[PDB]
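Worksheet: the structure to be examined is printed underneath.
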Amino acid sequence: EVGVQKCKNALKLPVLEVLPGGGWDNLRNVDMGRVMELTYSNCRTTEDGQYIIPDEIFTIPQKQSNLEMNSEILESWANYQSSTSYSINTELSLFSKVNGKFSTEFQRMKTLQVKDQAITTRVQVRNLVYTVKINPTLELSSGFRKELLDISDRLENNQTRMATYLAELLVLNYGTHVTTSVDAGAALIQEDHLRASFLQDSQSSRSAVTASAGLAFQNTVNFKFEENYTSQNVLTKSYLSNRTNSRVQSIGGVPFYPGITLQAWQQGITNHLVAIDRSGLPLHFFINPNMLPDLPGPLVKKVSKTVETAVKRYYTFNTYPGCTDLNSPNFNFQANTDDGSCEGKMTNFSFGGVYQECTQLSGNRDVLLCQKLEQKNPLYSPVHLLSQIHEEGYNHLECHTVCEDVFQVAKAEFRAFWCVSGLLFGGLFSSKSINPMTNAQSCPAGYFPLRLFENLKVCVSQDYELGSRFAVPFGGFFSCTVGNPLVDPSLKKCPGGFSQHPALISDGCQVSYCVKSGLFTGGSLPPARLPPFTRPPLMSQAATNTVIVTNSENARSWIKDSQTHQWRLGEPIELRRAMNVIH
Amino acid sequence: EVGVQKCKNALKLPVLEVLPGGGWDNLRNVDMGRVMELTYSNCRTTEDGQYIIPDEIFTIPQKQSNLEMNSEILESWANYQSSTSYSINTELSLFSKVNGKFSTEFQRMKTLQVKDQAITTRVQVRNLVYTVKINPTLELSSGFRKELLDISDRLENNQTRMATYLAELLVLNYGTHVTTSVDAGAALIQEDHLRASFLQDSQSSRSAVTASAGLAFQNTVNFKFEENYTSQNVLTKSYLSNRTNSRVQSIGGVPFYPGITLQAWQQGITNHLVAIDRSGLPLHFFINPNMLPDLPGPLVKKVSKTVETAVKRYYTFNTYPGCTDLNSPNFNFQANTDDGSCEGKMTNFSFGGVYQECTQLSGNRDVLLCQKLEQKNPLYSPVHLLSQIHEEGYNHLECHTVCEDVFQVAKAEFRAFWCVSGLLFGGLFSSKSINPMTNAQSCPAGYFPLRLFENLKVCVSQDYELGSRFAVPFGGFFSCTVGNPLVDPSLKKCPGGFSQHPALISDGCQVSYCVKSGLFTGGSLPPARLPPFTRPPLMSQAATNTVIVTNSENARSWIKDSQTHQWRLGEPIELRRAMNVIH
Amino acid sequence: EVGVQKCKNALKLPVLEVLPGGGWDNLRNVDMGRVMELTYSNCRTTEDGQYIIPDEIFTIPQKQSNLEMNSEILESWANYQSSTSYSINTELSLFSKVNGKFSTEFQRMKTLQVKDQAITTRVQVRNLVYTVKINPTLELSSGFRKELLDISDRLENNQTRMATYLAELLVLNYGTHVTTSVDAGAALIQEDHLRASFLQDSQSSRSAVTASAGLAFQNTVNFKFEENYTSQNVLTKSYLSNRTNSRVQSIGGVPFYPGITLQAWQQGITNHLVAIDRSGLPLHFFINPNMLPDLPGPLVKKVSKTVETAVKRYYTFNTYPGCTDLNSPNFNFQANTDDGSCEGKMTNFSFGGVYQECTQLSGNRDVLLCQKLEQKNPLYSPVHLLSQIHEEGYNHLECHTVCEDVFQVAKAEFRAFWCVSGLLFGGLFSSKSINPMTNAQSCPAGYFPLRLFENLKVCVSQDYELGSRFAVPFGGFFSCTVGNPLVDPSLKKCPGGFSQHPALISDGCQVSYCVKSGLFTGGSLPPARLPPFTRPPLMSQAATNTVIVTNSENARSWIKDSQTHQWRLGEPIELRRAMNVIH
Ligand SMILES: *[C@@H]1O[C@H](CO)[C@@H](O[C@@H]2O[C@H](CO)[C@@H](O)[C@H](O)[C@H]2NC(C)=O)[C@H](O)[C@H]1NC(C)=O
Ligand SMILES: *[C@@H]1O[C@H](CO)[C@@H](O[C@@H]2O[C@H](CO)[C@@H](O)[C@H](O)[C@H]2NC(C)=O)[C@H](O)[C@H]1NC(C)=O
Ligand SMILES: *[C@@H]1O[C@H](CO)[C@@H](O[C@@H]2O[C@H](CO)[C@@H](O)[C@H](O)[C@H]2NC(C)=O)[C@H](O)[C@H]1NC(C)=O
Ligand SMILES: *[C@@H]1O[C@H](CO)[C@@H](O[C@@H]2O[C@H](CO)[C@@H](O)[C@H](O)[C@H]2NC(C)=O)[C@H](O)[C@H]1NC(C)=O
Ligand SMILES: *[C@@H]1O[C@H](CO)[C@@H](O[C@@H]2O[C@H](CO)[C@@H](O)[C@H](O)[C@H]2NC(C)=O)[C@H](O)[C@H]1NC(C)=O
Ligand SMILES: *[C@@H]1O[C@H](CO)[C@@H](O[C@@H]2O[C@H](CO)[C@@H](O)[C@H](O)[C@H]2NC(C)=O)[C@H](O)[C@H]1NC(C)=O
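Residue numbers (PDB author numbering), protein chains in the order written: chain A, 11 to 389, 399 to 419, 430 to 449, 458 to 526, 536 to 629; chain P, 11 to 389, 399 to 419, 430 to 449, 458 to 526, 536 to 629; chain O, 11 to 389, 399 to 419, 430 to 449, 458 to 526, 536 to 629.
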């Protein structure tokens with residue numbers, strides 16, 4: 011009787027199913043959450059008189075219908091068009107070469123080009139109908155507003171590392187962007203994968219290749235699967251023979267089956283409309299004093315700085331520099347960002363060994379952390404590489430039968446070294470990784486592991502006749518703070543010929559290691575690594591109540607009242623009586 | 011008149027049958043339980059106006075329809091795609107190489123590749139319709155909330171080993187994950203198994219193999235079973251002859267039968283939608299002070315640590331390291347995780363014998379446990404391998430005719446040894470296993486059993502002329518704490543050439559043994575070993591009442607009131623009057 | 011107006027007929043009883059809107075449809091797949107090699123392979139629809155709860171051997187398992203039995219055998235019985251000639267007749283759904299203090315120990331060790347469990363004779379049991404083999430015409446011996470068996486019987502010229518406590543070349559005897575031996591009232607009130623006043 015169903019009973023019209031305002035993940039092109047609030051109170055319609063739209067939504071009739079007769083050749087996977095999220099992946103940002111490179115449509119296309127030495131062609135019937143946009147005066151959703159107040163409460167009780175944790179659960183549930191405009195329509199695409207040596211002789215008749223690819227697309231749709239085709243004349247005999255893959259997907263409308271008139275596909279697009287393009291803005295753009303009137307001024311500029319840090323950390327991880335030229339050697343298959351590390355010679359290095367010590371600062375009673383946090387050399400110059408503090412909580416139970434239990438914490442800082458007539462290297466495996474020497478979390482035969490950063494193992498053998506089959510050279514560790522001195526004989539990268547691999551993200555800082563195997567390189571493409579990148583804190587910090595919030599340079603002060611009402615602006619006679627009881 | 015049927019009478023629409031929030035087992039890809047609460051109070055619909063969804067659920071219209079013309083070749087079973095649970099099996103975890111490897115679809119595919127020396131190809135018509143997700147503000151179910159309070163009660167009465175037992179009955183009923191997003195659709199798959207020598211000559215024309223496999227798939231669906239096929243031209247005469255198996259399964263929609271137009275299959279997908287992909291989060295992620303407001307802060311961080319231990323124990327068991335290379339010798343068929351134990355030479359070892367002693371600490375009266383807990387040598400250096408305490412309860416009946434009965438417990442610790458001109462080895466069989474020398478729980482002819490770990494038998498014969506037909510060499514015992522010293526002449539694994547096998551899980555610690563038979567290796571694939579991995583405790587621990595719960599480092603205290611009301615936060619004037627009567 | 015018919019009148023929908031919660035026998039794959047309570051109060055439906063389900067039941071839509079084009083060859087009957095109860099027969103248990111080996115489907119398949127020297131192939135169309143499971147919070151049925159209280163009453167009046175008898179009537183009525191999940195669907199199977207020499211030449215073209223077996227299955231279903239088949243080309247001329255049997259069974263849906271389109275079979279599966287797979291848990295798992303809140307704690311852990319003993323006794327009986335290799339001699343046809351007793355030489359033994367004595371302890375008046383309980387030698400070293408006490412009740416009638434009758438009991442312990458120039462052996466026959474020398478309960482010509490264990494006869498003749506046609510050698514008696522000393526010249539088994547046979551189960555202990563005939567071996571397969579394995583007791587034990595139940599180690603006590611109300615927990619001021627009047 012309220013909301014949609016009140017409008018839907020009076021009008022008896024469908025609701026438009028393609029709406030802006032939701033969140034958007036831009037590494038993996040998926041949408042998530044609902045940032046903006048959508049209400050159906052005035053019973054608005056599209057001025058066709060055909061759909062029902064919310065109140066803060068205006069549509070623009072496009073009624074456009076493209077129809078292409080030539081496929082387009084896109085040879086490299088580095089410059090990637092998306093066909094559904096092209097306007098939002100190509101924004102001007104620092105990470106424009108990482109957007110969309112963890113999606114379903116991209117990971118298939120990179121696989122089919124590398125494993126077959128192939129080039130791809132697509133041809134398309136696109137058919138845009140509306141453009142749906144949001145008004146500039148707009149209200150946040152009920153569930154998204156409550157999660158921004160919780161980050162503000164943790165920042166005003168001096169609880170960092172809990173506000174940082176709640177900011178990374180905001181990226182996980184609402185993405186990195188907000189879509190401000192969509193495009194309702196229905197596409198129909200065919201992608202083929204031709205052998206790359208079929209293009210190189212037909213450099214003059216490249217226009218004859220793509221003319222037959224768009225010719226075969228309209229035989230596939232118009233003719234039923236039995237061969238009544240009109241394309242097999244001259245070069246639709248090697249086009250069929252140099253191709254390595256073919257698929258046809260429809261995105262809106264009715265489902266596609268071979269042999270359906272393009273007349274009949276285009277008459278089922280009504281009431282089956284999806285978003286075939288979209289654009290938007292980053293997520294921290296919508297955190298400003300205009301959208302949040304209840305909080306003070308400089309407090310929402312501190313929440314918006316926290317969320318901006320969590321989004322940029324999510325792009326800093328899931329970024330793999332390496333070599334990208336396919337015909338060159340040292341080709342890294344997991345790399346999504348070029349480095350210039352191609353055509354670079356190598357030089358062998360000898361590492362003496364790794365060792366690890368612990369400190370055991372506070373928790374001397376009832377918990378002994380400083381036995382597994384220590385690792386000594388099985389057999399140069401060591402480097403420190405990390406200063407990491409490990410905290411653990413335990414439980415007493417004082418009984419008196431009534432009892433009580435108290436929770437302490439136990440700190441133990443550890444230090445992990447490596448030496449710059459030497460131990461061999463057999464790979465690494467962690468609690469989120471495997472060793473690709475064995476395709477399993479095990480060192481090979483003869484090798485023995487030893488812990489280095491409290492979560493991963495270091496496959497090492499001291500021999501020179503039996504473990505020489507799995508021995509791969511080593512290039513050096515570095516971190517987010519200290520680069521290795523092996524490059525520039536500093537910078538944070540591998541030397542030439544080597545490739546880096548992530549290992550052991552530890553509280554907003556990952557360390558890396560350089561190898562030269564060729565076996566760590568290949569395999570399947572890695573998935574995206576989702577936030578939170580930190581385990582939850584133990585609530586060890588005490589809450590410090592803040593009552594008055596001020597800034598010095600325009601003489602504005604916000605006084606929180608009793609009862610936790612709200613933040614009102616401080617009149618200059620009440621803050622005069624509130625600072626004496628404070629100071 | 012309430013719930014679904016109120017919405018279903020007014021709207022007269024079906025309910026969407028694919029919903030998130032339930033649990034998920036990730037070793038065996040099955041779903042179980044319902045973690046989140048789903049209510050039908052606002053009578054929401056999908057904005058098509060076609061289905062009825064719960065209140066805390068938002069759908070995203072995809073309306074996508076893939077159609078592939080080439081099969082994909084996946085040669086090895088180590089890297090396994092799932093086609094229905096691919097997004098959730100490929101999460102970043104320590105056990106990413108164990109996820110999905112106890113399911114129905116995997117165990118068939120590993121069988122058909124090993125027993126036939128085969129490679130598999132699949133081709134597919136996929137047709138995604140919606141994406142159904144859960145809101146971030148969400149309530150736990152009624153039955154799942156009550157089982158989290160019961161683990162908290164056992165932890166606050168100092169009843170460990172009962173809270174551990176109730177945590178493993180939570181994994182059994184709710185799985186290891188919670189699905190947060192699903193994909194409603196309907197697939198249609200054909201899998202074939204070709205002989206592996208048919209690929210190796212057609213390395214150039216691998217694109218001609220997969221083009222005919224996708225050609226035979228559309229003759230099978232479009233043509234009725236009588237041969238009107240258009241594929242038998244050149245190489246659809248050995249493709250039919252090198253294949254070893256073939257099946258066609260549909261996952262949603264109407265049931266498949268040979269000869270049905272793809273037009274007709276795609277018009278029955280409405281109202282028959284299932285989940286063709288899903289993703290989610292671990293189960294202990296949803297145990298935090300946000301979801302459970304009634305309990306104190308550090309108490310739900312102790313329940314969530316108990317459940318995380320029970321899940322990681324379930325992945326530690328059901329993990330079989332071994333050799334994986336098929337053409338190599340020493341191939342272990344039960345192994346699902348590689349080890350590097352391939353291409354390793356062997357060395358014979360002589361074991362003198364096993365013997366076992368008991369202690370009989372407490373239960374000296376009315377129960378004699380220290381006669382069957384003892385086993386002496388039928389005929399080096401012994402090792403201790405285990406220190407295990409065995410508890411049994413009995414019953415007095417004091418009569419006075431009125432009577433009364435009291436229940437005691439009887440402890441008897443046992444020790445089990447083995448010696449590092459020697460007894461022969463004939464296999465083992467236990468209360469959850471058989472001896473594969475006989476395919477039965479019996480020692481072979483000439484062999485006599487003797488108990489070692491209070492539940493299993495050790496097939497042993499002292500002869501050298503008659504029991505030499507069933508004698509297999511022996512590689513050494515080890516445990517979860519002590520590795521054997523036979524490797525690295536320590537580590538917890540077999541020496542080279544040998545294979546390990548589980549035996550006698552005893553209270554969260556299993557022991558293993560290394561053999562070299564070739565007969566223990568083969569057979570059928572083992573099923574998953576389900577929790578609980580411990581028999582229920584005897585309630586021997588006394589309940590210690592806790593009233594006040596505090597942590598030192600933010601000065602927060604929770605005071606339980608009378609009557610077992612609830613846990614309220616302690617004001618600093620009541621805990622002042624509650625600690626004096628305590629201390 | 012209540013229950014099902016209230017929901018069935020309002021909704022006008024059928025009820026789903028495949029439900030969990032019932033018991034299950036796992037030797038004979040049949041279901042029995044109803045352990046869990048199923049109520050229809052909320053009028054729930056399957057979210058299709060198609061069936062009506064109970065309240066504590068959640069379904070999972072699968073909508074899957076397999077279709078196989080190759081038969082599968084399973085050569086041996088030792089590893090047996092069931093096609094309807096495969097998930098529950100393959101549980102990890104001590105008796106995994108006995109589950110399902112007394113069913114209708116197994117006993118036919120073992121018969122057709124031994125009597126024809128055949129191998130079996132099956133091909134199948136499987137079509138799973140739902141998965142129906144039970145919630146973890148669940149209530150026992152009304153009739154099953156009342157039979158658990160009756161075992162508890164007999165255990166608390168010190169009436170053993172009546173609580174043991176009532177526990178074996180619980181296995182008879184409710185089976186050994188409880189099904190917790192089923193699978194609603196409809197299969198369609200063809201099994202053939204080919205001659206075993208037809209596989210051995212087609213080792214390379216084994217893939218051509220199974221391709222024609224799945225080809226003949228789809229000619230049988232699609233074509234009417236007149237030969238319009240498309241399979242008789244090359245090797246569908248000896249496949250038809252090497253086969254020894256063929257049947258086609260359907261399990262759900264409409265009944266099968268030759269010539270019905272697979273289109274038409276798959277459209278009758280709606281409203282005709284049966285369980286095509288199931289899984290579950292043992293029966294004593296569901297006897298815990300959670301399910302039975304009324305009884306005390308350690309009392310339901312004593313009922314659950316009694317039921318676990320009765321189930322394991324039912325698997326200990328119905329277990330036949332013997333030789334299993336078919337082409338080897340000494341092949342035992344009744345044996346369902348291997349022994350290693352194949353390829354073993356024999357040695358003749360001479361037994362002097364059997365004799366039997368009685369004691370007549372108590373019933374000296376009015377009943378003379380010690381004349382038929384005695385048997386003397388008709389003509399070494401004797402062994403005792405058994406100490407069994409025989410009790411019989413009689414009736415006085417004291418008259419005074431008014432009268433009264435009193436019932437006593439008469440005990441008479443007997444001892445049965447056999448000697449380790459000798460009596461010949463002609464077989465045995467009992468009150469539940471026959472002599473297979475005559476296929477009747479009679480000794481052969483010249484032989485005379487003599488009683489040994491108060492129920493069976495021992496066919497014996499002292500001659501050497503006339504009873505030499507039916508004389509078979511003898512291998513020795515043993516029991517559940519004492520093995521024979523003839524093996525290991536101890537163990538409880540036959541010597542080599544001999545086979546054991548059950549005789550005279552007497553109060554939870556059977557004795558066995560070893561022969562070497564070849565005529566006792568063959569015949570038909572024995573049926574399952576159902577509980578109770580003990581005749582009912584004579585109520586000779588006096589009832590001892592228990593009022594207070596306690597355990598020592600957590601200081602909990604349960605005080606039964608007056609009137610036989612119930613068992614309440616004892617407050618520490620009432621048990622203080624209840625132990626003084628007790629002690
Ligand atoms: C507010 O929080 C910050 C962040 O932890 C505190 O700063 C640290 O406090 C510890 C405790 O003495 C010091 O050892 C560190 O050196 C401090 N670090 C920095 C960068 O200042 C701060 O003390 C807290 N303030 C209050 C009043 O609790
Ligand atoms: C892949 O493409 C090449 C063209 O670069 C094909 O090679 C030509 O095939 C035609 C077919 O008759 C010949 O007449 C030409 O002589 C070939 N060479 C050149 C340089 O044009 C090749 O055949 C294609 N692959 C397949 C499998 O057909
Ligand atoms: C709380 O439970 C723990 C776990 O059993 C108890 O700790 C053990 O208590 C026994 C009994 O004296 C000792 O023999 C063990 O050495 C203890 N082990 C450890 C690791 O402490 C503890 O005593 C219980 N506390 C109370 C008050 O009952
Ligand atoms: C399995 O595949 C092999 C190909 O590796 C087939 O061998 C070829 O069969 C064709 C059939 O006429 C012959 O012309 C070729 O000479 C064979 N050899 C090669 C190297 O191509 C083999 O026939 C297939 N199996 C079956 C049963 O047909
Ligand atoms: C409770 O029942 C048990 C089981 O029969 C009784 O134990 C036996 O009692 C007889 C009668 O004197 C003795 O001859 C046996 O030696 C006893 N056996 C055992 C194993 O104890 C017991 O006496 C009964 N108790 C009462 C109070 O009636
Ligand atoms: C049972 O199978 C055997 C195959 O092992 C059949 O023997 C062959 O029959 C064909 C029929 O013409 C002959 O051409 C072959 O020479 C036979 N021998 C071999 C070794 O292949 C046998 O005929 C089958 N039984 C029946 C009754 O047909």
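We put the CB at the ideal spot given by N, CA and C, even for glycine.
| query | Is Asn-168(O) near ligand 5, judged by its Cβ being under 7 Å from some heavy atom? | reply | On the third sequence, residue 168(O) is found 158 positions in, with the first residue counted as 1. Yes, the Cβ of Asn-168(O) comes within 7 Å of a heavy atom of ligand 5.
| request: Consider the Cβ of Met-474(O): report whether some Cβ of chain P lies at a distance smaller than 8 Å. | output: One-based indexing of the third sequence puts residue 474(O) at position 437. Not closer than 8 Å to any Cβ of chain P, the Cβ of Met-474(O) fails to qualify, so no.
| CA-to-CA distance, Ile-605(A) to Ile-619(A), given in whole angstroms | Sequence index remark: in the first sequence, residue 619(A) carries index 573 (1-based). Sequence index remark: in the first sequence, residue 605(A) carries index 559 (1-based). Computed Cα separation, rounded: 12 Å.
| task | Confirm the yes/no value for this check: CB of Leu-371(P), any heavy atom of ligand 3, distance under 7 Å. | result | Residue 371(P) sits at position 361 when you count from the first residue of the second sequence. Incorrect: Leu-371(P) has no Cβ contact closer than 7 Å to ligand 3.
| task | Verify the contact flag: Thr-590(O), CB atom, against every heavy atom of ligand 5, threshold strictly below 7 Å. | result | Counting from 1 along the third sequence, the entry for residue 590(O) is found at position 544. It does: the Cβ of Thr-590(O) is within 7 Å (strictly closer) of some heavy atom of ligand 5.
| Roughly how many angstroms lie between the CA atoms of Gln-381(P) and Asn-300(O), to the nearest whole one? | The residue you call residue 381(P) lines up with position 371 of the second sequence. The residue you call residue 300(O) lines up with position 290 of the third sequence. One C-alpha to the other measures close to 35 Å.
| request: Evaluate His-187(A) with the Cβ neighbour count: other Cβ atoms within 10 Å of its Cβ, from every protein chain shown; 16 or more gives buried, anything less gives exposed. | output: By 1-based counting over the first sequence, the position of residue 187(A) is 177. With 16 or more Cβ atoms within 10 Å of its Cβ, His-187(A) is classed as buried.
| query | Taking the Cβ atom as the reference point for each residue, do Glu-178(O) and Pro-577(O) lie within a distance shorter than 8 Å? | reply | Within the third sequence, numbered from 1, the residue matching residue 178(O) stands at position 168. Within the third sequence, numbered from 1, the residue matching residue 577(O) stands at position 531. A contact, by the Cβ cut-off of 8 Å.
| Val-593(O) touches chain P at which residues, Cβ-Cβ below 9 Å? | Taking the first residue of the third sequence as 1, we reach residue 593(O) at position 547. What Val-593(O) touches in chain P: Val-431, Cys-432, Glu-433.
| Residue interval of the alpha helix (DSSP H) (run including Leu-204(O)) | Locating residue 204(O) in the third sequence gives position 194, counting from the first residue. It is not in any alpha helix (DSSP H) - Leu-204(O) instead sits in the beta strand (DSSP E) that spans 198–205.
| query | Where does the unbroken beta strand (DSSP E) through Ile-83(P) begin, and where does it stop? | reply | As a working mapping, residue 83(P) is identified with position 73 in the second sequence. Here the beta strand (DSSP E) through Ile-83(P) covers 82–84.
| query | Which residues of chain O have a Cβ atom closer than 7 Å to the Cβ of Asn-255(P), listed in chain order? | reply | Along the second sequence, one-based indexing puts residue 255(P) at 245. Residues of chain O passing the Cβ test: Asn-80.
| task | Would you give the residue range spanned by the beta strand (DSSP E) that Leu-291(O) belongs to? | result | Here the question's residue 291(O) lines up with position 281 in the third sequence. Run containing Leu-291(O): 284–292, per the beta strand (DSSP E) assignment.
| Going along the stretch 57–71 of chain P in order, which residues come within less than 7 Å of chain A, judged by CB to CB distance? | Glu-57, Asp-58, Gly-59, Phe-68, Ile-70, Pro-71
| message | Would you say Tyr-267(A) lies against chain P (beta-carbon separation less than 8 Å)? | response | Numbered from its first residue, the first sequence carries residue 267(A) at position 257. Taking Cβ atoms only, chain P reaches closer than 8 Å to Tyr-267(A), which makes this a yes.
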